Every structure is written in C-alpha cells, then in structure tokens.
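Heads up: the structure comes next, in structure tokens.
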Amino acid sequence: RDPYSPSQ
Amino acid sequence: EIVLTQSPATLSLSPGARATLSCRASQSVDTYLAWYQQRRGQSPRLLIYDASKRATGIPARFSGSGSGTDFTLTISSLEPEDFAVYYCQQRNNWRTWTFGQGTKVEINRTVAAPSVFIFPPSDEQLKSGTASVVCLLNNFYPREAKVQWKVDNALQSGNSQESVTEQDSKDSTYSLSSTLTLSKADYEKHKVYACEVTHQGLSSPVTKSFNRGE
Amino acid sequence: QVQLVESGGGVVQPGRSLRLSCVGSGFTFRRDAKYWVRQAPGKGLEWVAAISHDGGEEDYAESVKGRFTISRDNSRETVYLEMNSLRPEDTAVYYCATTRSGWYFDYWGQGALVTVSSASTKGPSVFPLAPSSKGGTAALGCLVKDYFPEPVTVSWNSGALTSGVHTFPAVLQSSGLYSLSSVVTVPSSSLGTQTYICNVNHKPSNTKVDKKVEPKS
Ligand SMILES: *[C@@H]1O[C@H](CO)[C@@H](O[C@@H]2O[C@H](CO)[C@@H](O[C@@H]3O[C@H](CO[C@H]4O[C@H](CO)[C@@H](O)[C@H](O)[C@@H]4O)[C@@H](O)[C@H](O)[C@@H]3O)[C@H](O)[C@H]2NC(C)=O)[C@H](O)[C@H]1NC(C)=O
C-alpha cells in the first residue's frame, strides 16, 4: 500500500 | 527520520580519471537510493536508482553500488561534461524525500597563487555616504582562500562579503572578490586599509594596502 | 519524449502568494505522482511537495507545510504549487518532477525562479575600480551596486574586450539590494594604450550606464 505508487 | 550525507565536498580530478563519490545514510535504507547529476546552469537528472540501476539513456561509465548505510557512485572515466555536482536521494516512511548535501567534481590542476589587488572607494561613491573597498584574488587554485580585512591594523568581521567565479574554462582557476562596506563617516575615521590573503600557493600571507587620501 | 515545463515564476513580496504551474507532455500524466523540488541560490536540492496520481494523497516538507498546497489537473496534464505566506528564504528555483514508481525523481522540468523580497525595483550605481600607479598585470573594473531585481549584464568596450574579464556573481546585501563587481586584468603596458569602458544594463529598471575606468589622479 504505497500511497505514491503509480496507477494500475 | 533519515539523514543523507555525502563525501567529499569537492572531488578534484583530471579528465579521464576514475571518480568515486560516497553517500551515507544515518540508518539503513536497503538499496532504495538514487543519484543525480546537476551540471552548471542545468536541471538535475537521474543517473542511478535502486542503488545500482542505470536510468534510461545514462552512459555505461556511471555505476552505483552499496547497500544499508554506505553507497558509492563510480564514474569509470570522467568526461568534460561530468564535472558537475552530484546528489544522492532517499525516501523514508512513504511521505518524505531527502537529499544529501551534494559533491562537486572539479578539474584538478597545479597550485596557482592568487595575484592580489586592492581598490579604494571612488570619490563618486563617497559623495553618496557609503564606502566600498574591494579586494581581488585573480586566477588561483585550489579553491580554499582566506581573506582578512584590516582597518588601522584592526581586524574586521561581519562587514565584508565574498563572491567567487566558477572554474575558468581555459586555466581551471578561480577568481574571488571581497568587498568591505563602511559608512562614509567610519571610512574617514581611519587611514590604512589592508587586505591580507592566505593561500596554499603563497609561502607567506600577501597584504595589499592603501592609505586613505594618498 | 518526457517533458515538463514550469511557468509562473517571478518576484513577490513577503506575506503574499504565488502559484506555479507545470505542464507535462510525451507521457501519461495521470499515471504517476508529481513533485516539486527547489534549490535556493548556491544551495542544494530540497524536496518541497508530493501528490499522488489521482490527488488523493499530498505531503510536504516541514519547511513549507501549512503554507504550500500542491494540486493537479490530469485532464490538463498540469500540476500546481500554490505558495502562501511566502518568506525570503523561500527564494529558490522550483523544479517540477515526475516519477516511475514514487521513490525517485525520474524526470525534471526546467525550473521556475521565485524571488521573495520587499525591495522595490532600483537601478544600480556604477563606480570605477581604478588601478593604482604603485608585477606585469594590472587590474581594473566596475562596481555595480544597489540594484533590484537580478540580473544585470556587464560588457567591456561593447563586447570588444572579453579576455581577462571576470564578472562575479551578485551578492545579496543586508539592505535587500544586490551588488556585483566586474574586473579585467591586462598586461601592465596596456593601461595607457587602450580605453576601458564597462557597459552596465539593468533591464527591470531600464537603466543603462557606461563608465570609463582610468587611473585616478
Ligand atoms: C591533484 O593536484 C594536486 C596538485 O594541486 C596533486 O598534488 C601534487 O602531487 C605532486 C606529485 O604527486 C606533488 O609534486 C611533487 O611531489 C614530489 C614527490 O615525487 C617524487 O617521487 C620520487 C620519490 O619516490 C622522487 O625521486 C621524484 O623526484 C619526485 O620528487 C615531491 O618530492 C615534490 O616536493 C612535490 O611535492 C605536489 O606537491 C602535490 N601538491 C599538493 C598541493 O599536494 C594531486 O596529486 C592531484 N590529484 C590527482 C588525483 O590527480
């Protein structure tokens, strides 16, 4: 749950 | 919190030499570390990420290594464009990104002592109520230089400012100016104004001075 | 390819607000987080703000938290930085950046300069740095004092003299005004064989000053 990981 | 620190402040090397830059994290960051290059007057650009992966388009002479708390950026053979400032970067607790304080890679050369010049304030400026005294240190290497202002043999502090050029594109030297700012009144209350310069290329500190009104 | 273009920089007085914009092209803008990283003059890089791909998450450095607001409009491929309650130490080049994973700043903009100061626009006074008739090289120059904002340009003899010229970076004085020196070193025999004129231009105040520099009586 990385709040700043890219959209999937 | 996690603090990154970099070493050395200045790395002085010849073109074509191998450069080794260090980055230290106050706690382990695993291999989550990036390196950036910032050439003079240009935006930073990503070189290495995840400690050792090259960004797309980055030449093979850049490599990264390390884990935990100690990391290295290696430039196998320096190119002219590689003389720049390099930053490392990490990210802790998902919501904070931090940098090291940067390492400057400069062109190494032989020691060159500065030639020193002192400039009294102009009569035009004294008619405005302010006196500026300028000391010039021309074409020296290495960067470290100490300038001290003396007014009637009294050492000054807090009333001078220094400015330095970038390494000269021809001889790789620096030049520096030191400006002493006094009021018209304070300037007229003293006689001898001296600039004392200490530098590695000088066997003894060089003093340039003038007497006000002569 | 990936490109980021900032806009909105300028001079602003302390306590006022300024809004920066950054438009992306050549990639899917909505896919990744966006960031602002700033660099004070002569200083290192300082991350400022971050925003998630859809704007659901935002975070800030403690130095700007409560004063800055980062936002994005993906339909316009734009990320914004709203800066309120600006302070002189907020003076910096502000870079916008995008990521491939959220961890690193994979691509950077060109930077936007923000100068926070209460100083009013003022042209410089130009004073000669006259050589003294007292080692083969002689130094002369011009002192360009008390102007705002940056920059000034200095040439010598309308650009005909460039060898030996050093125009130093400006210094910010405690008055809020800038000052710099521009100096030239020449062979000692050249002091009498040539005229030396510094051409100073300060466009923000439309100020032009030409100063002939000669040894003083
Ligand atoms: C970056 O630039 C620096 C200079 O700004 C470099 O430091 C200089 O290094 C040179 C040589 O390493 C020093 O010059 C001389 O060194 C000799 C020693 O070499 C003697 O070797 C044999 C004995 O084994 C002897 O037979 C020879 O005749 C040589 O004399 C000394 O004897 C001299 O007195 C002189 O020092 C410089 O002194 C030194 N400068 C400084 C400021 O340290 C530095 O190496 C450069 N770095 C890189 C990575 O390129």
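Residues in the structure tokens are named by chain (A, B, ... in the order shown) and by number from 1 within that chain; ligands are numbered from 1 in the order shown.
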
Which residues are close to range 67-76 of chain B, i.e. within 6 Å by only C-alpha atoms, leaving aside same-chain residues fewer than 6 positions away? Reply as JSON, numbers by chain. {"B": [18, 19, 20, 21, 22, 23, 24, 25, 28, 29, 30, 31, 61]}

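Pocket residues of ligand 1, taken as those with any atom at most 7 Å away using only C-alpha atoms and all ligand atoms, are residues 12, 13, 14, 108, 109, 110, 111 and 142 of chain B.
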
With C-alpha atoms retained, write the just-selected residues as a CSV table (one decimal), in the first residue's frame.
```csv
chain,number,residue,atom,x,y,z
B,12,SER,CA,39.4,17.2,-7.6
B,13,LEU,CA,40.3,15.0,-10.6
B,14,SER,CA,41.8,15.2,-14.1
B,108,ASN,CA,42.3,19.2,-10.8
B,109,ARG,CA,45.4,21.3,-11.7
B,110,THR,CA,48.7,22.5,-10.2
B,111,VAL,CA,48.7,25.1,-7.3
B,142,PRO,CA,42.9,25.4,-5.2
```

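Residues within 6 Å of range 88-103 of chain C, counting only C-alpha atoms and excluding same-chain residues fewer than 6 positions away, are residues 4, 5 and 6 of chain A; 34, 35, 36, 37, 38, 39, 40, 109, 111, 112, 113, 114, 115, 116 and 117 of chain C.
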
Saved selection, atoms kept: C-alpha atoms, as a compact mmCIF listing (two decimals), in the first residue's frame:
```txt
# COMPACT_ATOMS: atom_id res chain seq x y z
CA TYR A 4 2.53 7.28 -4.04
CA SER A 5 2.84 4.19 -6.26
CA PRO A 6 1.63 4.56 -9.88
CA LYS C 34 4.15 14.57 -9.22
CA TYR C 35 6.59 16.58 -7.12
CA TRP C 36 8.17 19.97 -6.54
CA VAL C 37 11.86 20.23 -5.59
CA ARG C 38 13.52 23.59 -5.00
CA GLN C 39 17.08 24.92 -4.87
CA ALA C 40 17.95 28.13 -3.05
CA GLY C 109 11.41 20.32 -15.52
CA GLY C 111 12.84 25.22 -13.16
CA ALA C 112 10.97 28.41 -12.27
CA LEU C 113 12.66 31.19 -10.30
CA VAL C 114 10.73 32.62 -7.34
CA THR C 115 12.21 35.66 -5.57
CA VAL C 116 10.60 36.75 -2.29
CA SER C 117 11.61 40.28 -1.29
```

Neighbours of chain A in chain C at 7 Å, counting only C-alpha atoms, as a ChimeraX atom specification: /C:31-33,52-53,57,101-102

Give me, as a compact mmCIF listing (two decimals) with N, CA and C atoms, in the first residue's frame, all polymer residues having an atom no more than 10 Å from residue 49 in chain C, counting only C-alpha atoms and skipping those fewer than 2 positions away in the same chain.
```
# COMPACT_ATOMS: atom_id res chain seq x y z
N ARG B 95 6.43 9.17 2.91
CA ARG B 95 5.94 10.53 2.77
C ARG B 95 7.03 11.59 2.90
N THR B 96 8.31 11.21 2.83
CA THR B 96 9.40 12.16 2.96
C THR B 96 10.52 11.76 2.01
N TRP B 97 10.99 12.72 1.21
CA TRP B 97 12.10 12.54 0.29
C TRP B 97 13.19 13.52 0.68
N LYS C 34 3.46 13.36 -8.78
CA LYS C 34 4.15 14.57 -9.22
C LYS C 34 4.74 15.27 -8.00
N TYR C 35 5.81 16.03 -8.22
CA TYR C 35 6.59 16.58 -7.12
C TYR C 35 7.08 17.98 -7.46
N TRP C 36 7.42 18.73 -6.41
CA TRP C 36 8.17 19.97 -6.54
C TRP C 36 9.42 19.87 -5.67
N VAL C 37 10.57 20.19 -6.27
CA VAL C 37 11.86 20.23 -5.59
C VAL C 37 12.49 21.58 -5.88
N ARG C 38 12.99 22.25 -4.84
CA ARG C 38 13.52 23.59 -5.00
C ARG C 38 15.01 23.64 -4.66
N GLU C 46 16.16 20.55 -2.24
CA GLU C 46 15.24 20.34 -1.13
C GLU C 46 13.88 19.96 -1.70
N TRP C 47 13.44 18.73 -1.43
CA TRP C 47 12.10 18.34 -1.82
C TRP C 47 11.08 19.20 -1.08
N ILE C 51 2.34 14.71 -4.58
CA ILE C 51 0.92 14.44 -4.75
C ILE C 51 0.75 13.14 -5.54
N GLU C 58 -1.36 13.94 -0.44
CA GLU C 58 -0.42 15.04 -0.58
C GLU C 58 0.44 15.12 0.66
N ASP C 59 1.72 15.46 0.47
CA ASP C 59 2.65 15.59 1.59
C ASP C 59 3.66 16.69 1.28
N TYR C 60 4.24 17.24 2.34
CA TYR C 60 5.07 18.43 2.24
C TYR C 60 6.25 18.34 3.19
N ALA C 61 7.32 19.04 2.84
CA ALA C 61 8.41 19.23 3.79
C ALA C 61 7.94 20.12 4.93
N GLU C 62 8.52 19.89 6.12
CA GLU C 62 8.13 20.68 7.29
C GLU C 62 8.36 22.17 7.07
N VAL C 64 7.58 23.95 4.59
CA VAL C 64 6.54 24.60 3.81
C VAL C 64 5.15 24.10 4.20
N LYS C 65 5.09 23.08 5.06
CA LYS C 65 3.81 22.52 5.45
C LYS C 65 2.95 23.58 6.14
N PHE C 68 2.15 25.81 1.82
CA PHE C 68 2.10 25.43 0.41
C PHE C 68 0.99 24.42 0.18
N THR C 69 0.45 24.44 -1.04
CA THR C 69 -0.56 23.47 -1.46
C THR C 69 -0.21 22.99 -2.85
N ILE C 70 -0.06 21.68 -3.01
CA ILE C 70 0.18 21.06 -4.30
C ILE C 70 -1.12 20.45 -4.80
N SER C 71 -1.40 20.62 -6.09
CA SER C 71 -2.61 20.10 -6.69
C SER C 71 -2.30 19.72 -8.13
N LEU C 81 1.67 24.33 -7.80
CA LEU C 81 2.19 24.60 -6.46
C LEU C 81 1.70 25.97 -6.03
N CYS C 96 9.71 21.14 -11.12
CA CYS C 96 8.69 20.10 -11.09
C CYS C 96 9.28 18.80 -11.61
```

Just want the 8 Å neighbourhood of range 167-175 of chain C, counted on only C-alpha atoms, with same-chain residues fewer than 5 positions away dropped. Output as a PyMOL selection string. (chain B and resi 161-165+176-177) or (chain C and resi 154+180-183)

Please return, as a PyMOL selection string, all residues of range 157-207 of chain C that DSSP assigns to strand (DSSP E or B) on the basis of the backbone. chain C and resi 161+165-167+171-172+178-187+197-202+207

Can you write out as JSON lines which residues of chain C fall within 6 Å of chain B, alongside each residue's closest atom pair and its distance in Å to one decimal, counting only C-alpha atoms and ordering rows by chain and ascending residue number?
```
{"residue": "C:44", "atom": "CA", "partner": "B:101", "partner_atom": "CA", "distance": 5.8}
{"residue": "C:106", "atom": "CA", "partner": "B:46", "partner_atom": "CA", "distance": 5.7}
{"residue": "C:110", "atom": "CA", "partner": "B:43", "partner_atom": "CA", "distance": 5.9}
{"residue": "C:129", "atom": "CA", "partner": "B:119", "partner_atom": "CA", "distance": 5.9}
{"residue": "C:168", "atom": "CA", "partner": "B:165", "partner_atom": "CA", "distance": 5.7}
```

Quick one: residues within 10 Å of residue 66 in chain C, only C-alpha atoms counted, chain neighbours fewer than 6 positions away excluded, as a list in words? residues 60, 83, 84 and 85 of chain C

Next, write the just-selected residues to a file, as a short mmCIF file (atom, residue, chain, number, x, y, z; two decimals), in the first residue's frame, keeping C-alpha atoms as the atom set.
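Saved result, out_0.cif, follows:
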```cif
data_model
loop_
_atom_site.label_atom_id
_atom_site.label_comp_id
_atom_site.auth_asym_id
_atom_site.auth_seq_id
_atom_site.Cartn_x
_atom_site.Cartn_y
_atom_site.Cartn_z
CA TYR C 60 5.07 18.43 2.24
CA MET C 83 2.62 29.13 -2.23
CA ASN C 84 1.15 31.34 0.50
CA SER C 85 2.72 33.34 3.34
#
```

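Picture a line from CA of residue 189 in chain C to CA of residue 215 in chain C; it runs 13.3 Å.
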
Counting only C-alpha atoms, what is within 10 Å of residue 157 in chain B, bar same-chain residues fewer than 4 positions away, as a PyMOL selection string? chain B and resi 148-150+161+180

May I have the selected residues written with N, CA, C and O atoms, as a short mmCIF file (atom, residue, chain, number, x, y, z; two decimals), in the first residue's frame?
```cif
data_model
loop_
_atom_site.label_atom_id
_atom_site.label_comp_id
_atom_site.auth_asym_id
_atom_site.auth_seq_id
_atom_site.Cartn_x
_atom_site.Cartn_y
_atom_site.Cartn_z
N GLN B 148 41.28 38.49 4.88
CA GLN B 148 41.03 39.21 6.12
C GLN B 148 41.23 40.70 5.88
O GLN B 148 42.25 41.11 5.32
N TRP B 149 40.25 41.50 6.30
CA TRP B 149 40.32 42.95 6.19
C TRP B 149 40.85 43.56 7.48
O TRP B 149 40.44 43.16 8.58
N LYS B 150 41.75 44.53 7.35
CA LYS B 150 42.32 45.23 8.48
C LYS B 150 42.21 46.73 8.24
O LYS B 150 42.61 47.23 7.19
N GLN B 161 31.77 40.83 2.30
CA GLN B 161 31.12 39.76 1.57
C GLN B 161 32.03 39.29 0.45
O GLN B 161 32.71 40.10 -0.19
N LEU B 180 34.53 45.24 1.33
CA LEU B 180 34.34 45.80 2.66
C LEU B 180 33.45 47.03 2.53
O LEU B 180 33.76 47.96 1.79
#
```

Rounded to one decimal place, report the CA of residue 73 in chain C-CA of residue 86 in chain C distance in Å. 23.6 Å

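Using only C-alpha atoms, the shortest contact distance between residue 190 in chain B and any of B:63, B:211, B:172, B:130 is found at B:211.
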
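The interatomic distance for the pair CA of residue 160 in chain C and CA of residue 209 in chain C works out to 17.0 Å.
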